[PDB]
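Sequences listed follow chains A, B, C, D, E, F, G, H, I and J, in order. Counted from 1, the first sequence has number 381 at position 381 by our numbering; the numbering is strictly sequential. Counted from 1, the second sequence has number 507 at position 61 by our numbering; the numbering is strictly sequential. Counted from 1, the third sequence has number 545 at position 37 by our numbering; the numbering is strictly sequential. Counted from 1, the fourth sequence has number 554 at position 9 by our numbering; the numbering is strictly sequential. Counted from 1, the fifth sequence has number 591 at position 17 by our numbering; the numbering is strictly sequential. Counted from 1, the sixth sequence has number 758 at position 154 by our numbering; the numbering is strictly sequential. Counted from 1, the seventh sequence has number 997 at position 69 by our numbering; the numbering is strictly sequential. Counted from 1, the eighth sequence has number 1094 at position 58 by our numbering; the numbering is strictly sequential. Counted from 1, the ninth sequence has number 1109 at position 8 by our numbering; the numbering is strictly sequential. Counted from 1, the tenth sequence has number 1163 at position 28 by our numbering; the numbering is strictly sequential.
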Amino acid sequence: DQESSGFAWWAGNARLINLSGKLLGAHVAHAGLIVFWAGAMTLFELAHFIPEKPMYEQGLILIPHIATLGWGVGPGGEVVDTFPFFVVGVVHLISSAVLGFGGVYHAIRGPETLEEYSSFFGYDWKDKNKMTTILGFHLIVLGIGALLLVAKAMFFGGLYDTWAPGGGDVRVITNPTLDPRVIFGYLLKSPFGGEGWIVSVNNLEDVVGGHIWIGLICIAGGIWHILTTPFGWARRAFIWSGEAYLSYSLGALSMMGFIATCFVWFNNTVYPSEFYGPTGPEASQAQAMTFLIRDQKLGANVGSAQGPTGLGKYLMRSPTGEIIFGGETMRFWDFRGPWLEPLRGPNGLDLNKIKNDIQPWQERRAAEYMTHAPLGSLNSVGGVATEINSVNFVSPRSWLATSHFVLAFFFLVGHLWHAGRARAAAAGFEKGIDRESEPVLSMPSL
Amino acid sequence: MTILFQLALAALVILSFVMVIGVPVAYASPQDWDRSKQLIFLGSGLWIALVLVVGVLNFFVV
Amino acid sequence: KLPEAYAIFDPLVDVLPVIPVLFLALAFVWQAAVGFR
Amino acid sequence: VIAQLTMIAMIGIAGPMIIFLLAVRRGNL
Amino acid sequence: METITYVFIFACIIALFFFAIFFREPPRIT
Amino acid sequence: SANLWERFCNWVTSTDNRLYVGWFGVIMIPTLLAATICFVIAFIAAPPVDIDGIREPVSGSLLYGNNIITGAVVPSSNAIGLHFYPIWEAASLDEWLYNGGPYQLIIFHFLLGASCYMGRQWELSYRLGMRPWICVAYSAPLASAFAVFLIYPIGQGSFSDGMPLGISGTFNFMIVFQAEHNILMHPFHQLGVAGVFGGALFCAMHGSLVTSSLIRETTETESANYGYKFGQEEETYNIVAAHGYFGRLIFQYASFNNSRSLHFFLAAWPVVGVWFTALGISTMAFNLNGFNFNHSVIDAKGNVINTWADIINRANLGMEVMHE
Amino acid sequence: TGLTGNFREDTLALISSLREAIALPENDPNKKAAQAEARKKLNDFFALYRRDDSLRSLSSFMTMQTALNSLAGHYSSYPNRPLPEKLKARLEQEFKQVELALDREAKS
Amino acid sequence: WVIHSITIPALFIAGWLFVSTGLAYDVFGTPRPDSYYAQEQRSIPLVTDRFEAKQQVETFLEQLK
Amino acid sequence: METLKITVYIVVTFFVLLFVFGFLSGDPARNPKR
Amino acid sequence: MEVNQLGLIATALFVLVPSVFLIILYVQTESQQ
Ligand code: CLA
Ligand code: CLA
Ligand code: CLA
Ligand code: CLA
Ligand SMILES: CC1=C(/C=C/C(C)=C/C=C/C(C)=C/C=C/C=C(C)/C=C/C=C(C)/C=C/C2=C(C)CCCC2(C)C)C(C)(C)CCC1
Ligand SMILES: CC1=C(/C=C/C(C)=C/C=C/C(C)=C/C=C/C=C(C)/C=C/C=C(C)/C=C/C2=C(C)CCCC2(C)C)C(C)(C)CCC1
Ligand SMILES: CC1=C(/C=C/C(C)=C/C=C/C(C)=C/C=C/C=C(C)/C=C/C=C(C)/C=C/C2=C(C)CCCC2(C)C)C(C)(C)CCC1
Ligand SMILES: CC1=C(/C=C/C(C)=C/C=C/C(C)=C/C=C/C=C(C)/C=C/C=C(C)/C=C/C2=C(C)CCCC2(C)C)C(C)(C)CCC1
Ligand SMILES: CCCCCCCCCCCCO[C@@H]1O[C@H](CO)[C@@H](O[C@H]2O[C@H](CO)[C@@H](O)[C@H](O)[C@H]2O)[C@H](O)[C@H]1O
Ligand SMILES: CCCCCCCCCCCCO[C@@H]1O[C@H](CO)[C@@H](O[C@H]2O[C@H](CO)[C@@H](O)[C@H](O)[C@H]2O)[C@H](O)[C@H]1O
Ligand SMILES: [Ca+2]
Ligand SMILES: [Cl-]
Ligand SMILES: [Fe+2]
């Protein structure tokens, strides 16, 4: 164990680089935690959970996910029966009880190295074959689950709907959209304003039809790697070695974070504004309309008008044919939410139609998003940013995007950390510059 | 009869929470670790059954 | 909220989620006795 | 909330038990 | 007048940079 | 040689250059050189870029009556929103300037330039045979760069709220930023301060203590510096002398015997200090704000005892109304 | 539904169910269950058209969305009570415009 | 480990009482949780000028309701 | 305007293209030791 | 725009005189030997 063969204690985990028997013990145990944490929050939230009020009101970061797969939700976002929510969390706990148990088994009584007990499971980091063999299986398994999503989508129950012709809740997809036209070409869109990169996903059935590919791409991946072996150009780069593998994992995992940061903060389709709370762009958006209707309701016509700032009191005509809201909201004219789009006409909002076409839910719901416009404090002092001690909340939609970002940020550093130590290790001088012969010592002196 | 169950429910944790201590300690001193202790195979096989009493009963109980 | 057959385990359901943090803490104590070998 | 810390103490202190006993009986730590 | 002094002052900065990077006397070893 | 490419590739990588251009330099050099050129010009001559087409044009250009202090490149308008707004996409050239194009042009080439720089420091270090962690240390500013330039406007959905780049523009930014998000009370910033000071602090001591202790190769008349011969394999500064110094000044336990232990800690404190800020901003950009304790005190009579934070809560509440 | 082919023919086809099913006897063996399965087609219907970016521009499609969102939205809140006549008589007038305005697109 | 089971407890309880006893109130002259505005008359009992305050603080405090 | 569009594409495409192969060809082979 | 009329001389002398004073010392050093 000790530092004598190794390095110091504060870093002491990487003593495991060459011990695979201990290494499985780590992950399986670690995975045990993640699982155990998952179910814990579920039950933890479920005990403090109030089914009547909305979810984002509860400060609830998990049950929305379970719900989003359409269990116990009901139409209207009713959150009908909590028992499916209960089953999910407890099962993960019981699953963890097995994991860590195994994680311990490999940690101690399990063989300290796997090169012997099972040659199949045995692997050397520097080997570019038996390792790539492993990369197949996971890439197969990880591809299985993607399909197993669609099994929920197309077959068992049905996934939650952002946009229904009314109520925006529950639908079982029939025909998923698949073709490289709108899929491969989908991500080809600009990342920037007005076109999300992957964050657009207008239709639900995109993701299902999309995951089909990622389902059937990954299954090819394993079959590809299982039956193949790295080519020359691969071998010349990439620094095959224990660290680098971890280093690559980070970079991918990092960029995933910023993407995950982006969805939760913007995309309404996947995370329904209903029980995840309204998106930041929608918040000021909907608020802008509630002011609109309340004044338009009573003895006032806001259609053709000027404001004290000069742009008009509510509606403006964008450079595009569509007409939008004014105020600060004009910076978001791109937003299309479940309630707003029908109110919109062929070009922009149809004012005559706006007055008539309001629903009982829309106006109510659109006003319900007025109170919650993502904002708050760490002690949860809420209301509008400087509004004083009223309506105290922080919308969960704001937590995730904050959280995962910070983590995703570190993993950029982490990636940029190990990638240094990985290559330098392979380069051999990671142990510090050599006092005998300094590489710089003999060089052409500029 | 949920009380009849609820006592058996807590009996899971009570028995689990000790095996939470026992299993690692069983591996702690390798002397007579796997030699003296078959209790894992004695406790675990009895422990797993203590899970099935939970749900299948509660599905009828609650 | 929490099911009625399960109605009371107050502290357990109150704090599950803190204990994952405790593992990180355990590592130091498990280093403390080992003593930074 | 009268037993929140009660059970918490039980589990919170349980962790050390592992370190205590092991160190006590001087097992492979 | 006003502006044209700033550009001048800011110019000589750049004319220092390019000048100070390449034309420094190399500090030889020993 | 045996080929043009194989020879050319050998030249880029080559270390004999007075300025090392690695493969990252292939992006870095043209983009930055393209940023600066389109910067200094746009800074000098900018048409009165308009933030809101509703008509207030803003002249941050240098040609119009602006000291360096007041002059800045106005960011893009709200009318343009967050849309990618290159030259050709804009209708007319003057249209592309009047809506704040040159801003959106600089920061892209700058950032995408700044990133490749972060690597260029790396791929030199790899080719001089030296442990390559500088690129880690350099992430701290680059974190801040992306945070204030690229990220924070995404939280606002428009580059208008991005940092106007200029010495007055920056001041305007913070103050307004202070209005909405109450950044001072935020903890992450409150560490960033510590990260900067303790950087400057340690920068003084570790600068001082070693200058304090100098093995004397110089005469009193001669400069004290010149005695150091580039390439001395003697130790120019006594640790034993300076150790006990700080070791007597405070208790002898904390003196950090090991330079290799010290200098790392010297470089950990400022960096980690800065990361939290670039996290503190991104925490703000999403409207997760610094906790502002308000009406923390109240009497039995319902009156407001009005603790300090309220003063700040008012000052911010003051600013936000001012902005609009 | 049973929707096939282009949008036009089916868009017209669904109105044959929509305008019909508005006012029927409440005391029949099933109006609800009949009205239940009839409106389930909306779900099937308006899901696939949500995916079209083309028709997402022009009126005649977004007209139908205004109709669909008007009608079906009642059925999550309290589907049991029949619609108000003012909401029922304000529909057809939308459909009547639609297929005309719908036809205005093709032969424009 | 001798008197450190004695000093600390007996001493720490003192600080516990001066709050509980409220002795710290009239010692440091802090207002009492009910005592700010005597009568109603909501205004700042702001001490003003010099060679007074010892007497002036004794007006604001004098009323006390 | 429009000519500039394609121009920027071509220029940017060129560097990035020139850029990757540097690493895709024997980059670790370039270093003091091996 | 309006300005301090003499403020320009300020810069020039503040630029040149300290600058020059560094050159003169330097050119000397260059002549040493
Ligand atoms: C994908 C995850 C992952 C994995 C598996 C590894 C794996 C490894 N890393 Mg590593 N690393 C990662 C991500 C990862 N890294 C990231 C993202 C970063 C950037 C932050 C780093 C930065 C990093 C450094 C700088 C070092 C390693 C090292 C190591 C090796 C030993 C592990 C170690 O030092 O534990 C050490 C464990 C501890 C020190 C205990 C944790 C104490 C910290 C301070 C916890 C604080 C977090 C907490 C949330 C904040 C406080 C709580 C708050 C409430 C107050 C091992 C190969 C070491 C090495 O040399 O590698 C060979 C090493 O020196 N890593
Ligand atoms: C949280 C993730 C995690 C995991 C999975 C591991 C896992 C491991 N670490 Mg480790 N480590 C971690 C975090 C982690 N570490 C952190 C954060 C630090 C920095 C503080 C370190 C610092 C560190 C050092 C310095 C060293 C290790 C070593 C090891 C390995 C052997 C440890 C050993 O001898 O156990 C023996 C354990 C015991 C004798 C008692 C542990 C207490 C038991 C396991 C509690 C049981 C858990 C739970 C209550 C019961 C669950 C089961 C239940 C269902 C029955 C092992 C694979 C060593 C190594 O290199 O590997 C050989 C080593 O030298 N670690
Ligand atoms: C996460 C899973 C995973 C992992 C780790 C790998 C890993 C690997 N694969 Mg691989 N593969 C996978 C999934 C995976 N594959 C799947 C699902 C398929 C489809 C069946 C393939 C098909 C495949 C083939 C056909 C080959 C590999 C090969 C390889 C090896 C070197 C090539 C490589 O990684 O490209 C690294 C990347 C490049 C060289 C170029 C990057 C170009 C990308 C795609 C840019 C795309 C545009 C992008 C969006 C721009 C955005 C900018 C960015 C900043 C975001 C490497 C070990 C090669 C190999 O060694 O096999 C013998 C090989 O020939 N793979
Ligand atoms: C934030 C910038 C950044 C920096 C400075 C580094 C630094 C490094 N990376 Mg790296 N990386 C990053 C982000 C970064 N990483 C991200 C986000 C990913 C996504 C997974 C990767 C994936 C990655 C892999 C897979 C590998 C490295 C490797 C390396 C090392 C140098 C080799 C190399 O060419 O890198 C790769 C450089 C890039 C991928 C470029 C991305 C970021 C640069 C700065 C922007 C370049 C222009 C970019 C294409 C956009 C411009 C055009 C665009 C408009 C389309 C070095 C430590 C290698 C290594 O150390 O392996 C041991 C290696 O094999 N990186
Ligand atoms: C090895 C090691 C480590 C690690 C550790 C770990 C990672 C652990 C894990 C752990 C885990 C991962 C755990 C899991 C398990 C689980 C369990 C143990 C559970 C319990 C519970 C239960 C069984 C439940 C019950 C119930 C029900 C059923 C119903 C309701 C009620 C209740 C909730 C009670 C460390 C680093 C520290 C150190 C060294 C060594
Ligand atoms: C669409 C969509 C989808 C699907 C998904 C997909 C289809 C995706 C894909 C994606 C992907 C598939 C991505 C990719 C990207 C790329 C990248 C990011 C990669 C990585 C790698 C690289 C980048 C490389 C690197 C390098 C360089 C650059 C240079 C040289 C060196 C090396 C090679 C290292 C979903 C359903 C979800 C939803 C809807 C939409
Ligand atoms: C109704 C109910 C219930 C019941 C349930 C149950 C019946 C559970 C189940 C659970 C489960 C169902 C579990 C089982 C176990 C599993 C596991 C946790 C597994 C894992 C493992 C692994 C994963 C391993 C690894 C490996 C190896 C070793 C070799 C080959 C490869 C693999 C990877 C497979 C409860 C009580 C919750 C309560 C509530 C209600
Ligand atoms: C109850 C229960 C359970 C179990 C749990 C467990 C088993 C946990 C563990 C836990 C843990 C895992 C814990 C640990 C411990 C820890 C502690 C007790 C902490 C404390 C702290 C310390 C002592 C630290 C130290 C220090 C200081 C103070 C300063 C300086 C630095 C150092 C770091 C050294 C289960 C799952 C079955 C479920 C049911 C219930
Ligand atoms: C590498 C850096 C490259 C820098 C490139 C640009 C170099 C150009 C340097 C000279 C430019 C100075 O620019 C010049 O400044 C003077 C300052 O007196 C301005 O002149 C100023 O006073 C005149 C006198 O009536 C007014 O008419 C004018 O409106 C006012 O701005 C000029 O209007 C401007 O044309
Ligand atoms: C350190 C190197 C020095 C380089 C200096 C280069 C100076 C070049 C001078 C070019 C001509 C500018 O000359 C000067 O122009 C300015 C405005 O520009 C005129 O200035 C006049 O209008 C300006 C308007 O801004 C008023 O502020 C000013 O009070 C008034 O006199 C001056 O009457 C004239 O003297
Ligand atoms: Ca509570
Ligand atoms: Cl009703
Ligand atoms: Fe120094």
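Think of the CB as a built atom: it goes at the ideal place given N, C-alpha and C, for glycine as much as any other residue.
Quiz item: When DSSP builds the beta bridges, which residues end up paired with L349 (chain A)?
Solution: For the purposes of this step, residue 349 (chain A) is taken as residue 349 along the first sequence, with counting starting at 1. Answer is A:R344, bridged to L349 (chain A).
Practice problem: Note down, in chain order, all residues in the segment 106-125 of chain A with a beta-carbon under 7 Å from any beta-carbon belonging to chain B. | Solution: Along the segment 106-125 of chain A, going in chain order, the ones with a CB nearer than 7 Å to a CB of chain B are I108, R109.
Exercise. Closer than 7 Å by C-beta to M632 (chain F): which residues in its own chain qualify, once you throw out the five before and the five after it? Chain order, please.
Key: As a first step, residue 632 (chain F) must be located in the sixth sequence, where it is residue number 28. Answer for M632 (chain F): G717, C720, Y721, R724, listed in chain order.
Exercise. Would you kindly report the start and end of the unbroken alpha helix (DSSP H) that includes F1156 (chain J)?
Key: Taking the tenth sequence and counting its residues from 1, one reaches residue 1156 (chain J) at position 21. First-last of the alpha helix (DSSP H) with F1156 (chain J): 1142-1166.
Quiz item: Is the shortest distance between the beta-carbon of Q1021 (chain G) and the beta-carbons of chain A less than 8 Å?
Solution: Translated into positions along the seventh sequence, residue 1021 (chain G) becomes position 93. Not closer than 8 Å to any Cβ of chain A, the Cβ of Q1021 (chain G) fails to qualify, so no.
Quiz item: For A548 (chain D) and chain B, any beta-carbon pair shorter than 8 Å?
Solution: Looking up residue 548 (chain D) in the fourth sequence gives position 3. It does not: the Cβ of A548 (chain D) has no partner Cβ on chain B nearer than 8 Å.
Quiz prompt | Range covered by the alpha helix (DSSP H) that runs through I358 (chain A) | solution = Locating residue 358 (chain A) in the first sequence gives position 358, where the first residue counts as 1. From DSSP, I358 (chain A) is part of no alpha helix (DSSP H); its letter is neither H nor E.
Practice problem: For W873 (chain F), count neighbouring C-beta atoms within 10 Å of its own C-beta (all shown protein chains included) and say buried if the count is 16 or more, exposed if not. | Solution: Position 269 of the sixth sequence, counted from the first residue, corresponds to residue 873 (chain F). Taking all protein chains shown into account, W873 (chain F) has 16 or more neighbouring C-beta atoms within 10 Å of its C-beta and is therefore buried.
Quiz item: Less than 8 Å separating the beta-carbons of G76 (chain A) and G157 (chain A)?
Solution: Taking the first residue of the first sequence as position 1, residue 76 (chain A) is located at position 76. Taking the first residue of the first sequence as position 1, residue 157 (chain A) is located at position 157. No. Outside cutoff.
Quiz item: If we ignore side chains and look at the alpha-carbon of each, how far apart do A425 (chain A) and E838 (chain F) end up?
Solution: To locate residue 425 (chain A), count along the first sequence from 1; it is residue 425. To locate residue 838 (chain F), count along the sixth sequence from 1; it is residue 234. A425 (chain A) and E838 (chain F) have their alpha carbons spaced roughly 30 Å apart.
Quiz item: For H404 (chain A), which residues of its own chain have a beta-carbon under 7 Å away from its beta-carbon, when the five flanking residues on both sides are left out?
Solution: Taking the first sequence and counting its residues from 1, the one referred to as residue 404 (chain A) is at position 404. Only residues of its own chain outside the window of five on either side were considered, and among them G257, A260, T261 have a CB closer than 7 Å to the CB of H404 (chain A), listed in chain order.
Quiz prompt | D698 (chain F), enclosing alpha helix (DSSP H) - first and last residue | solution = By 1-based counting over the sixth sequence, the position of residue 698 (chain F) is 94. First-last of the alpha helix (DSSP H) with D698 (chain F): 697-702.
Quiz item: So, is the C-beta of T604 (chain E) closer than 8 Å to a C-beta in chain J?
Solution: Counted from its first residue, the fifth sequence places residue 604 (chain E) at position 30. Using a Cβ-Cβ cut-off of 8 Å, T604 (chain E) does not count as an interface residue toward chain J, since no Cβ of chain J sits closer than that to its own.
Self-check item: Cα-Cα separation between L866 (chain F) and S1166 (chain J), rounded to whole angstroms
Solution: Sequence index remark: in the sixth sequence, residue 866 (chain F) carries index 262 (1-based). Sequence index remark: in the tenth sequence, residue 1166 (chain J) carries index 31 (1-based). One C-alpha to the other measures close to 43 Å.
Self-check item: Bridge partners - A676 (chain F), DSSP secondary structure assignment
Solution: The residue labelled residue 676 (chain F) in the question sits at position 72 within the sixth sequence. Beta-bridge pairing by DSSP links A676 (chain F) to F:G770.
Quiz prompt | Collapsed DSSP secondary structure at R611 (chain F) in the structure displayed | solution = The residue labelled residue 611 (chain F) in the question sits at position 7 within the sixth sequence. If DSSP states are grouped into helix, strand and coil, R611 (chain F) belongs with the helices.
Exercise. Answer yes or no: does any C-beta atom of chain C fall closer than 8 Å to that of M255 (chain A)?
Key: Here residue 255 (chain A) refers to the residue found at position 255 of the first sequence. Taking Cβ atoms only, chain C never reaches closer than 8 Å to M255 (chain A), which makes this a no.
Exercise. Determine the direct distance from the alpha carbon of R659 (chain F) to that of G669 (chain F), and round the result to whole angstroms.
Key: Position 65 of the sixth sequence, counting from 1, holds the residue named residue 669 (chain F). Position 55 of the sixth sequence, counting from 1, holds the residue named residue 659 (chain F). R659 (chain F) has its alpha-carbon roughly 20 Å from the corresponding atom of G669 (chain F).
Exercise. With distances taken Cα to Cα, identify the nearest neighbour of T82 (chain A) among A:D179, A:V91, A:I63, A:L99.
Key: The residue given as residue 82 (chain A) occupies position 82 in the first sequence. Looking at the Cα atoms, A:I63 is the closest of the given residues.
Exercise. Answer yes or no: do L43 (chain A) and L532 (chain C) have a C-beta to C-beta separation smaller than 8 Å?
Key: Indexing the first sequence from 1 puts residue 43 (chain A) at position 43. Indexing the third sequence from 1 puts residue 532 (chain C) at position 24. At a Cβ-Cβ threshold of 8 Å, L43 (chain A) and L532 (chain C) do not count as neighbours.
Quiz prompt | the segment 980-997 of chain G: positions lying closer than 7 Å to chain A by Cβ | solution = Taking 7 Å as the upper bound on Cβ-Cβ separation, chain A lies near residues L986, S987, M990, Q993, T994, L996, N997 of the segment 980-997 of chain G.
Quiz item: So, does the CB of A535 (chain C) fall closer than 8 Å to a CB anywhere in chain D?
Solution: Within the third sequence, numbered from 1, the residue matching residue 535 (chain C) stands at position 27. Using a CB distance cut-off of 8 Å, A535 (chain C) does not count as an interface residue toward chain D.
Quiz item: So does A1147 (chain J) have its beta carbon nearer than 7 Å to some heavy atom of ligand 10?
Solution: Taking the tenth sequence and counting its residues from 1, one reaches residue 1147 (chain J) at position 12. Yes; taking the cut-off as 7 Å, the Cβ of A1147 (chain J) has a heavy atom of ligand 10 nearer than that.
Quiz prompt | 7 Å Cβ cut-off: residues of chain I touching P634 (chain F) | solution = Here the question's residue 634 (chain F) lines up with position 30 in the sixth sequence. Those are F1116, listed as they occur along chain I.
Quiz item: What are the start and end residues of the alpha helix (DSSP H) that includes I595 (chain E)?
Solution: As a first step, residue 595 (chain E) must be located in the fifth sequence, where it is residue number 21. That run of the alpha helix (DSSP H) goes 576-596.
Quiz item: Would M552 (chain D) count as contacting chain C if we go by Cβ distances under 8 Å?
Solution: Taking the fourth sequence and counting its residues from 1, the one referred to as residue 552 (chain D) is at position 7. Taking CB atoms only, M552 (chain D) has a neighbour in chain C less than 8 Å away.
Quiz item: With which residues is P661 (chain F) paired in a DSSP beta bridge?
Solution: Here residue 661 (chain F) corresponds to residue number 57 of the sixth sequence, with the count starting at 1. Beta-bridge annotation (DSSP): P661 (chain F) is paired with F:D654.
Quiz item: Given that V1138 (chain J) touches chain E, what residues does it touch there, using C-beta distances under 9 Å?
Solution: Your numbering for residue 1138 (chain J) matches position 3 in the tenth sequence. Correct list: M575, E576.
Quiz item: Taking the Cβ atom as the reference point for each residue, do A541 (chain C) and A568 (chain D) lie within a distance shorter than 8 Å?
Solution: Counted from its first residue, the third sequence places residue 541 (chain C) at position 33. Counted from its first residue, the fourth sequence places residue 568 (chain D) at position 23. In contact: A541 (chain C) and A568 (chain D) (Cβ atoms closer than 8 Å).
Practice problem: Whole angstroms is fine: what's the gap from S247 (chain A)'s alpha carbon to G193 (chain A)'s? | Solution: Numbered from its first residue, the first sequence carries residue 247 (chain A) at position 247. Numbered from its first residue, the first sequence carries residue 193 (chain A) at position 193. About 32 Å.
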